[PDB]
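**Student:** Quick one: structure below, then a few questions.
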2 protein chains.
Amino acid sequence: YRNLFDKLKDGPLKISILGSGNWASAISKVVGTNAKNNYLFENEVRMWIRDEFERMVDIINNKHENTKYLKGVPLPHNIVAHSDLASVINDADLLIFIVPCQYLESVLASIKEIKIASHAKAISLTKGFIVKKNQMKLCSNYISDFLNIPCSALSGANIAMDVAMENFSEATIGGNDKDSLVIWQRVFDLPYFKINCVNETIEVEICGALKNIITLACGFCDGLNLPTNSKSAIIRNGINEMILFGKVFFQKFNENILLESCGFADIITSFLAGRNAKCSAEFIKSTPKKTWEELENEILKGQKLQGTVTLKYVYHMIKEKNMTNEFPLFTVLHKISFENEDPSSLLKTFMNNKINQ
Amino acid sequence: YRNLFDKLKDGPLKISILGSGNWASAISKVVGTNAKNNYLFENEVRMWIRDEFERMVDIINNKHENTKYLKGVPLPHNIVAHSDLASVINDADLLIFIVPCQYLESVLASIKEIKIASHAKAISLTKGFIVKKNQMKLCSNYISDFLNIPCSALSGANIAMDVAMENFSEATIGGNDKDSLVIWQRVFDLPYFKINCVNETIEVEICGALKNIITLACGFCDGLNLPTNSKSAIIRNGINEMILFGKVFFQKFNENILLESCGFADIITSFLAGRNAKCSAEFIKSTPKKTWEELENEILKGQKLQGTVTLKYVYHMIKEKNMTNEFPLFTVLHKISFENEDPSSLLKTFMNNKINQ
């Protein structure tokens, strides 16, 4: 088989999900539905889950519910959990990667030691990045290089529970392979989960990664009690610096991708939801009296804040190219977050007599 | 004088403001500051106000405060109120139009019957439109045609009081005349009111007008108790249909203008503030039990909802070109607002098995 249609000649495509978590579980509902309803896909969707606990694999297989991460939501019975990668990846035509980047390297490394089919197509559903030599590597690219298969990217204005509860959501699939996009769209599209396609992954993945800096900034605005005029200004600047970061460091950024679900929509969903803006808001109110680590436990129930991390590496890349002048917001946000800069510096960055041309 | 620099040879430029209202008063603070501080501008800024009441002209001239529309905010003393157009427009080099489009035709008509200098430049600061033969005409264009002077456009993520209270705000000046833009930027730019320029007015003004439809949609989402995933999706679609409306009916729409203050930022400021989303939200909860007129009194303290009006004329232009299929959101929003369609139709419009290419 040299493509998906070659494989479709002999029979339906086998879908496999990698990951355990609220979003992964919610997606298994979406994927399991289409796998059953669509003649192109094999009904059984194999899902690799981490060996957590009463053991998680058995709960899903027997009770058909992720009682830990997606409690209360019945999952489709055609989902089949497995504890080992081999029983999920072998003979899989379509690989859905929903693994947190805090674990992505280990998983990919374990696979490389289990045979991935040459015609197999992959897709990354995790918002974030991988660090390689202090440089930011986007997930679909990293998966696609580490393994040797095309990797598309899915991101959208998505909150695991809203999707799981069948509320109207959208998502954007980015992919350089046109024959992959037609199929991935069918794997995921449902009436409550509408899919648009774009021909590049870079913008889709930068949005999912850097939106957390914008959410962090929104928190800072909330914490400082700033009016909406001012918060909207900060958001705008964050978006434009996100675009510039893509252009400078990843050679391109199509601004039109902000009109897609992974862009503007996911940004406003991200600061109007979760606890992550609240976390940055509470940080700026405490000033230096509390560290991020303390607020992560106190606010996010032990979870690490994605925004602070993304900012650290984004700023580092900016700093080494000596472009901090062209990224005023990201720069001051880094100063305030990690270099004990007075929160008042946020507004002072933009409240000046500098006249734009 | 054939240009502003010809006039600058003989002396400083005379600024005049047309309009009375909270935004007009807030702007007089901005303009009056720069008029004093800048050597290019004559210190006295003449302001034409409607003959309201203790009479309004005298309050501003004596008490230096708009006690009706911008109560509590001291205005600069170099602002000088006048009740008649002639005492404001004659010998004026720079005309700032802050007149509600509910009155714009009368004012422009009265001027045409008072001599506008041939070298004079104008700018429109009112978000909205003018109806001419059931067609939507943008303000700067209408001013520029009715009178015979170039007219720029100013719009931004601006709330009269936030600007008046010297909170960090931004604004976007659009203008086809490059020599006007350099000056308009100086008239308005302050540390709390930062100005970016763009070379076209169409996008700037469509945003200011059609954002109200998007705000109306946001209200509908709030009223229907929809999750953020779903509201963000609706907003996204509203933005894209706003773009399409510009492209179709005004021959062009630069999407990058959404990255400016008048675009995306003003949209999120508009639905996160005011009472206008709340008004549309309360409408959809009442279904047909309450009319818009009732909710305008009840919610907006007697004020007309800009969103409903904009939708009526936007839809009309869409309908006459038979393009309702390409504007699904605007179409269903019109149906729900004016044709007694069930609010459930909002989500049904997008929750389908239609697959996008």
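As shown in the structure tokens, the chain order sets the letters A, B, ...; within each chain, residues go from 1, and ligands are also counted from 1 in the order they appear.
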Leaving out residue A:282 and any residue of its chain fewer than 2 positions from it, which residues lie within 9 Å of it when counting only C-alpha atoms, given as a JSON list (two decimals) with N, CA, C and O atoms, in the first residue's frame?
**Tutor:**
```json
[["chain", "number", "residue", "atom", "x", "y", "z"],
["A", 219, "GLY", "N", -5.35, 37.07, 32.05],
["A", 219, "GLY", "CA", -5.33, 36.92, 33.50],
["A", 219, "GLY", "C", -4.70, 38.12, 34.17],
["A", 219, "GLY", "O", -5.26, 38.70, 35.09],
["A", 220, "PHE", "N", -3.52, 38.51, 33.68],
["A", 220, "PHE", "CA", -2.83, 39.70, 34.17],
["A", 220, "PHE", "C", -3.73, 40.94, 34.13],
["A", 220, "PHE", "O", -3.70, 41.75, 35.05],
["A", 222, "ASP", "N", -7.14, 40.92, 34.13],
["A", 222, "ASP", "CA", -8.17, 40.70, 35.13],
["A", 222, "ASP", "C", -7.65, 41.01, 36.53],
["A", 222, "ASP", "O", -8.27, 41.76, 37.28],
["A", 223, "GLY", "N", -6.48, 40.47, 36.86],
["A", 223, "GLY", "CA", -5.84, 40.69, 38.15],
["A", 223, "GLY", "C", -5.55, 42.14, 38.44],
["A", 223, "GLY", "O", -5.69, 42.58, 39.57],
["A", 277, "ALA", "N", -6.57, 31.55, 33.19],
["A", 277, "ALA", "CA", -6.55, 33.01, 33.27],
["A", 277, "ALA", "C", -6.62, 33.42, 34.73],
["A", 277, "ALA", "O", -5.86, 34.29, 35.17],
["A", 278, "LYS", "N", -7.50, 32.76, 35.49],
["A", 278, "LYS", "CA", -7.64, 33.00, 36.94],
["A", 278, "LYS", "C", -6.31, 32.79, 37.66],
["A", 278, "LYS", "O", -5.99, 33.50, 38.62],
["A", 279, "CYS", "N", -5.53, 31.82, 37.18],
["A", 279, "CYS", "CA", -4.24, 31.50, 37.76],
["A", 279, "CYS", "C", -3.22, 32.62, 37.55],
["A", 279, "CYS", "O", -2.51, 33.00, 38.48],
["A", 280, "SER", "N", -3.16, 33.13, 36.32],
["A", 280, "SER", "CA", -2.28, 34.25, 36.00],
["A", 280, "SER", "C", -2.77, 35.53, 36.68],
["A", 280, "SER", "O", -1.97, 36.38, 37.08],
["A", 284, "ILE", "N", -0.51, 37.87, 39.51],
["A", 284, "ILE", "CA", -0.18, 39.29, 39.38],
["A", 284, "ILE", "C", -0.67, 40.11, 40.58],
["A", 284, "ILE", "O", -0.07, 41.13, 40.92],
["A", 285, "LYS", "N", -1.76, 39.65, 41.20],
["A", 285, "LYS", "CA", -2.25, 40.25, 42.44],
["A", 285, "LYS", "C", -1.29, 40.01, 43.61],
["A", 285, "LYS", "O", -1.05, 40.90, 44.41],
["A", 286, "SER", "N", -0.73, 38.80, 43.69],
["A", 286, "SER", "CA", 0.25, 38.47, 44.72],
["A", 286, "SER", "C", 1.64, 39.07, 44.45],
["A", 286, "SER", "O", 2.45, 39.19, 45.37],
["A", 287, "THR", "N", 1.90, 39.44, 43.19],
["A", 287, "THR", "CA", 3.16, 40.11, 42.75],
["A", 287, "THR", "C", 4.42, 39.20, 42.90],
["A", 287, "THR", "O", 4.63, 38.38, 42.00],
["A", 290, "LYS", "N", 3.71, 35.15, 45.98],
["A", 290, "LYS", "CA", 3.45, 33.76, 45.61],
["A", 290, "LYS", "C", 4.15, 33.40, 44.30],
["A", 290, "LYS", "O", 4.16, 34.20, 43.37],
["A", 295, "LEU", "N", 0.60, 28.60, 43.06],
["A", 295, "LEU", "CA", -0.71, 28.91, 42.47],
["A", 295, "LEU", "C", -1.21, 27.77, 41.58],
["A", 295, "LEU", "O", -2.41, 27.62, 41.40],
["A", 299, "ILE", "N", -4.72, 26.62, 42.62],
["A", 299, "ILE", "CA", -5.78, 26.98, 41.65],
["A", 299, "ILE", "C", -6.11, 25.84, 40.68],
["A", 299, "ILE", "O", -7.29, 25.51, 40.49]]
```
**Student:** Which chain A residues are at most 7 Å from chain B (counting only C-alpha atoms), as a PyMOL selection string?
**Tutor:** chain A and resi 157-159+162+167-170+190-192+196+227-230+232-233+236+240+255-256+259+261+265+268-269+351-353+356
**Student:** Suppose we keep C-alpha atoms; can you now write the selection as a PDB file, in the first residue's frame?
**Tutor:**
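Result file is out.pdb:
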```
ATOM      1  CA  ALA A 157     -12.350  26.137  20.106  1.00  0.00           C
ATOM      2  CA  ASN A 158     -12.786  22.919  22.079  1.00  0.00           C
ATOM      3  CA  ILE A 159     -13.417  22.195  25.737  1.00  0.00           C
ATOM      4  CA  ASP A 162     -18.623  20.684  25.849  1.00  0.00           C
ATOM      5  CA  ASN A 167     -22.650  20.893  22.408  1.00  0.00           C
ATOM      6  CA  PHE A 168     -21.976  22.663  19.103  1.00  0.00           C
ATOM      7  CA  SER A 169     -18.223  22.911  18.615  1.00  0.00           C
ATOM      8  CA  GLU A 170     -15.892  23.359  15.664  1.00  0.00           C
ATOM      9  CA  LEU A 190     -20.127  15.238  13.513  1.00  0.00           C
ATOM     10  CA  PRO A 191     -23.078  17.646  13.780  1.00  0.00           C
ATOM     11  CA  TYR A 192     -21.762  18.841  17.181  1.00  0.00           C
ATOM     12  CA  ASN A 196     -12.750  22.833   8.401  1.00  0.00           C
ATOM     13  CA  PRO A 227     -11.063  47.862  31.723  1.00  0.00           C
ATOM     14  CA  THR A 228     -12.125  45.938  28.606  1.00  0.00           C
ATOM     15  CA  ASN A 229     -10.720  48.598  26.271  1.00  0.00           C
ATOM     16  CA  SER A 230      -7.305  47.855  27.759  1.00  0.00           C
ATOM     17  CA  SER A 232      -8.812  43.941  24.285  1.00  0.00           C
ATOM     18  CA  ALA A 233      -5.804  46.044  23.307  1.00  0.00           C
ATOM     19  CA  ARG A 236      -4.837  42.253  20.013  1.00  0.00           C
ATOM     20  CA  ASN A 240      -0.101  40.136  16.391  1.00  0.00           C
ATOM     21  CA  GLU A 255      -3.220  35.511   9.129  1.00  0.00           C
ATOM     22  CA  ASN A 256      -6.434  34.058   7.664  1.00  0.00           C
ATOM     23  CA  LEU A 259     -10.497  33.257  11.065  1.00  0.00           C
ATOM     24  CA  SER A 261     -11.646  27.738  14.854  1.00  0.00           C
ATOM     25  CA  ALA A 265     -12.287  31.456  18.434  1.00  0.00           C
ATOM     26  CA  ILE A 268     -11.577  33.789  23.265  1.00  0.00           C
ATOM     27  CA  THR A 269     -12.750  30.351  24.457  1.00  0.00           C
ATOM     28  CA  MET A 351       1.123  53.838  27.175  1.00  0.00           C
ATOM     29  CA  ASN A 352       3.748  56.026  25.523  1.00  0.00           C
ATOM     30  CA  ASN A 353       4.198  58.764  22.939  1.00  0.00           C
ATOM     31  CA  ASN A 356       3.279  54.160  14.693  1.00  0.00           C
TER      32      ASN A 356
END
```
**Student:** Calculate how many Å separate atom CA of residue A:57 from atom CA of residue A:15, rounding to one decimal.
**Tutor:**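 Rounded to one decimal, the two atoms are 17.8 Å apart.
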**Student:** When you look at residue B:334 with a cut-off of 8 Å (counting only C-alpha atoms), what residues show up, excluding the ones that are within fewer than 6 positions of it in the same chain? I need them as a list in words.
**Tutor:** residues 311, 312 and 315 of chain B
**Student:** From the DSSP assignment of the backbone, select every residue of stretch 3-213 of chain A that is helix (DSSP H, G or I), and format the answer as a count of residues only.
**Tutor:** 79
**Student:** Name the residues in contact with stretch 43-53 of chain B at a cut-off of 8 Å, using only C-alpha atoms, excluding same-chain residues fewer than 2 positions from it; report them as a list in words.
**Tutor:**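 Answer for this query is residues 14, 15, 16, 17, 18, 19, 20, 28, 31, 32, 35, 36, 37, 41, 55, 56, 57, 78, 79, 80, 81, 82, 83, 84, 85 and 88 of chain B.
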**Student:** Smallest atom-to-atom distance to residue B:123: which of B:13, B:139, B:332, B:202, using only C-alpha atoms?
**Tutor:**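 Using only C-alpha atoms, residue B:123 sits closest to B:139.
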**Student:** For residue A:100, work out the shell of residues within 12 Å, counting only C-alpha atoms and skipping chain neighbours fewer than 4 positions away, then give it as an NGL selection string.
**Tutor:** :A and (18-24 or 50 or 104-108 or 124-130 or 139 or 304 or 306)
**Student:** Restrict the selected residues to N, CA and C atoms and save them as a PDB file, in the first residue's frame.
**Tutor:**
```pdb
ATOM      1  N   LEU A  18      -4.162   7.275  20.630  1.00  0.00           N
ATOM      2  CA  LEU A  18      -3.113   7.209  21.644  1.00  0.00           C
ATOM      3  C   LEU A  18      -3.330   8.326  22.655  1.00  0.00           C
ATOM      4  N   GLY A  19      -3.522   7.960  23.917  1.00  0.00           N
ATOM      5  CA  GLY A  19      -3.728   8.946  24.975  1.00  0.00           C
ATOM      6  C   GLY A  19      -4.891   8.629  25.899  1.00  0.00           C
ATOM      7  N   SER A  20      -4.759   9.077  27.142  1.00  0.00           N
ATOM      8  CA  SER A  20      -5.803   8.947  28.150  1.00  0.00           C
ATOM      9  C   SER A  20      -5.883  10.272  28.888  1.00  0.00           C
ATOM     10  N   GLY A  21      -7.098  10.771  29.053  1.00  0.00           N
ATOM     11  CA  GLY A  21      -7.307  12.134  29.513  1.00  0.00           C
ATOM     12  C   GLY A  21      -8.691  12.565  29.090  1.00  0.00           C
ATOM     13  N   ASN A  22      -9.143  13.703  29.603  1.00  0.00           N
ATOM     14  CA  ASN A  22     -10.516  14.120  29.341  1.00  0.00           C
ATOM     15  C   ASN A  22     -10.762  14.375  27.844  1.00  0.00           C
ATOM     16  N   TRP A  23      -9.813  15.037  27.184  1.00  0.00           N
ATOM     17  CA  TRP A  23      -9.930  15.357  25.757  1.00  0.00           C
ATOM     18  C   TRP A  23      -9.822  14.100  24.892  1.00  0.00           C
ATOM     19  N   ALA A  24      -8.883  13.227  25.236  1.00  0.00           N
ATOM     20  CA  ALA A  24      -8.729  11.953  24.546  1.00  0.00           C
ATOM     21  C   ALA A  24      -9.994  11.110  24.646  1.00  0.00           C
ATOM     22  N   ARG A  50      -2.659   5.035  29.259  1.00  0.00           N
ATOM     23  CA  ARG A  50      -1.645   4.847  30.295  1.00  0.00           C
ATOM     24  C   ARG A  50      -2.196   3.925  31.370  1.00  0.00           C
ATOM     25  N   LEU A 104       5.171  12.986  25.241  1.00  0.00           N
ATOM     26  CA  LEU A 104       5.191  12.635  23.815  1.00  0.00           C
ATOM     27  C   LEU A 104       6.495  11.985  23.360  1.00  0.00           C
ATOM     28  N   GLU A 105       7.624  12.473  23.868  1.00  0.00           N
ATOM     29  CA  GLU A 105       8.935  11.928  23.491  1.00  0.00           C
ATOM     30  C   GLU A 105       9.103  10.466  23.904  1.00  0.00           C
ATOM     31  N   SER A 106       8.705  10.139  25.129  1.00  0.00           N
ATOM     32  CA  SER A 106       8.798   8.771  25.636  1.00  0.00           C
ATOM     33  C   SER A 106       7.981   7.817  24.783  1.00  0.00           C
ATOM     34  N   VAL A 107       6.747   8.219  24.478  1.00  0.00           N
ATOM     35  CA  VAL A 107       5.823   7.376  23.711  1.00  0.00           C
ATOM     36  C   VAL A 107       6.393   7.125  22.319  1.00  0.00           C
ATOM     37  N   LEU A 108       6.790   8.197  21.634  1.00  0.00           N
ATOM     38  CA  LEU A 108       7.397   8.082  20.305  1.00  0.00           C
ATOM     39  C   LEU A 108       8.671   7.227  20.328  1.00  0.00           C
ATOM     40  N   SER A 124      -2.044  14.976  15.074  1.00  0.00           N
ATOM     41  CA  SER A 124      -1.776  15.441  16.432  1.00  0.00           C
ATOM     42  C   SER A 124      -2.951  16.267  16.923  1.00  0.00           C
ATOM     43  N   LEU A 125      -3.458  15.919  18.101  1.00  0.00           N
ATOM     44  CA  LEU A 125      -4.582  16.618  18.719  1.00  0.00           C
ATOM     45  C   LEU A 125      -4.193  17.362  19.995  1.00  0.00           C
ATOM     46  N   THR A 126      -2.918  17.305  20.381  1.00  0.00           N
ATOM     47  CA  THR A 126      -2.470  17.972  21.604  1.00  0.00           C
ATOM     48  C   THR A 126      -1.896  19.348  21.332  1.00  0.00           C
ATOM     49  N   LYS A 127      -2.480  20.338  22.003  1.00  0.00           N
ATOM     50  CA  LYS A 127      -2.021  21.714  21.931  1.00  0.00           C
ATOM     51  C   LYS A 127      -0.748  21.877  22.760  1.00  0.00           C
ATOM     52  N   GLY A 128       0.307  22.376  22.134  1.00  0.00           N
ATOM     53  CA  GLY A 128       1.563  22.608  22.832  1.00  0.00           C
ATOM     54  C   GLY A 128       2.767  22.548  21.916  1.00  0.00           C
ATOM     55  N   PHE A 129       3.878  22.069  22.459  1.00  0.00           N
ATOM     56  CA  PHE A 129       5.124  21.960  21.702  1.00  0.00           C
ATOM     57  C   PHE A 129       6.110  21.027  22.396  1.00  0.00           C
ATOM     58  N   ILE A 130       7.189  20.712  21.691  1.00  0.00           N
ATOM     59  CA  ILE A 130       8.288  19.920  22.228  1.00  0.00           C
ATOM     60  C   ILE A 130       9.563  20.755  22.154  1.00  0.00           C
ATOM     61  N   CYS A 139       4.283  19.846  17.352  1.00  0.00           N
ATOM     62  CA  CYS A 139       4.046  18.417  17.549  1.00  0.00           C
ATOM     63  C   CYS A 139       3.913  17.597  16.283  1.00  0.00           C
ATOM     64  N   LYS A 304       0.195  21.854  35.953  1.00  0.00           N
ATOM     65  CA  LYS A 304       1.137  22.878  35.478  1.00  0.00           C
ATOM     66  C   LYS A 304       0.469  23.855  34.511  1.00  0.00           C
ATOM     67  N   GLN A 306       0.282  25.846  31.343  1.00  0.00           N
ATOM     68  CA  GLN A 306       0.842  25.772  29.996  1.00  0.00           C
ATOM     69  C   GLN A 306       1.374  27.132  29.524  1.00  0.00           C
TER      70      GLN A 306
END
```
**Student:** List as a PDB file with C-alpha atoms, in the first residue's frame the protein and nucleic acid residues near residue A:310, meaning an atom at most 7 Å away when only C-alpha atoms are counted, but skip any in the same chain fewer than 2 places from it.
**Tutor:**
```
ATOM      1  CA  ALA A 209       0.588  26.620  21.646  1.00  0.00           C
ATOM      2  CA  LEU A 210       0.878  30.405  21.952  1.00  0.00           C
ATOM      3  CA  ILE A 213       0.527  33.362  26.501  1.00  0.00           C
ATOM      4  CA  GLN A 306       0.842  25.772  29.996  1.00  0.00           C
ATOM      5  CA  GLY A 307       1.069  29.561  29.497  1.00  0.00           C
ATOM      6  CA  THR A 308       4.091  30.235  31.681  1.00  0.00           C
ATOM      7  CA  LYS A 312       9.643  30.991  28.681  1.00  0.00           C
ATOM      8  CA  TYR A 313      10.649  29.258  25.424  1.00  0.00           C
ATOM      9  CA  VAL A 314       8.971  31.811  23.139  1.00  0.00           C
TER      10      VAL A 314
END
```
**Student:** Which polymer residues have any atom within 9 Å of an atom of residue B:119, counting only C-alpha atoms, with same-chain residues fewer than 5 positions away left out, as a PyMOL selection string?
**Tutor:** chain B and resi 1-4+6-7+93+149
**Student:** Any chance you could export the current selection's N, CA, C and O atoms as a JSON list (two decimals), in the first residue's frame?
**Tutor:**
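What ended up in part05.json:
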```
[["chain", "number", "residue", "atom", "x", "y", "z"],
["B", 1, "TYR", "N", -5.01, 77.67, -0.70],
["B", 1, "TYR", "CA", -4.46, 76.41, -0.09],
["B", 1, "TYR", "C", -4.96, 75.17, -0.81],
["B", 1, "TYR", "O", -6.17, 74.96, -0.92],
["B", 2, "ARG", "N", -4.05, 74.35, -1.31],
["B", 2, "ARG", "CA", -4.44, 73.10, -1.97],
["B", 2, "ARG", "C", -4.14, 71.86, -1.13],
["B", 2, "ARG", "O", -4.52, 70.76, -1.51],
["B", 3, "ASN", "N", -3.50, 72.03, 0.02],
["B", 3, "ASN", "CA", -3.29, 70.92, 0.97],
["B", 3, "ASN", "C", -3.01, 71.43, 2.38],
["B", 3, "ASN", "O", -2.90, 72.64, 2.60],
["B", 4, "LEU", "N", -2.89, 70.52, 3.34],
["B", 4, "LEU", "CA", -2.69, 70.91, 4.74],
["B", 4, "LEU", "C", -1.36, 71.64, 4.99],
["B", 4, "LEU", "O", -1.28, 72.51, 5.85],
["B", 6, "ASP", "N", 0.18, 73.59, 2.76],
["B", 6, "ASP", "CA", -0.05, 74.95, 2.27],
["B", 6, "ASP", "C", -0.64, 75.81, 3.39],
["B", 6, "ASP", "O", -0.22, 76.95, 3.59],
["B", 7, "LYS", "N", -1.62, 75.26, 4.10],
["B", 7, "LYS", "CA", -2.28, 75.97, 5.20],
["B", 7, "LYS", "C", -1.36, 76.11, 6.41],
["B", 7, "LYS", "O", -1.41, 77.12, 7.12],
["B", 93, "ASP", "N", -9.91, 73.78, 9.48],
["B", 93, "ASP", "CA", -9.04, 73.00, 8.62],
["B", 93, "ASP", "C", -9.30, 71.50, 8.80],
["B", 93, "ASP", "O", -9.19, 70.72, 7.86],
["B", 149, "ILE", "N", -15.15, 66.96, 0.45],
["B", 149, "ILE", "CA", -13.82, 66.89, 1.07],
["B", 149, "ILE", "C", -13.43, 65.46, 1.40],
["B", 149, "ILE", "O", -14.30, 64.63, 1.64]]
```
**Student:** Run DSSP on the backbone of this structure and report the residues of stretch 19-228 of chain B it assigns to strand (DSSP E), as a count of residues only.
**Tutor:** 39
**Student:** How many Å separate atom CA of residue B:302 from atom CA of residue B:74?
**Tutor:**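 Answer for the atom CA of residue B:302 to atom CA of residue B:74 separation: 26.5 Å.
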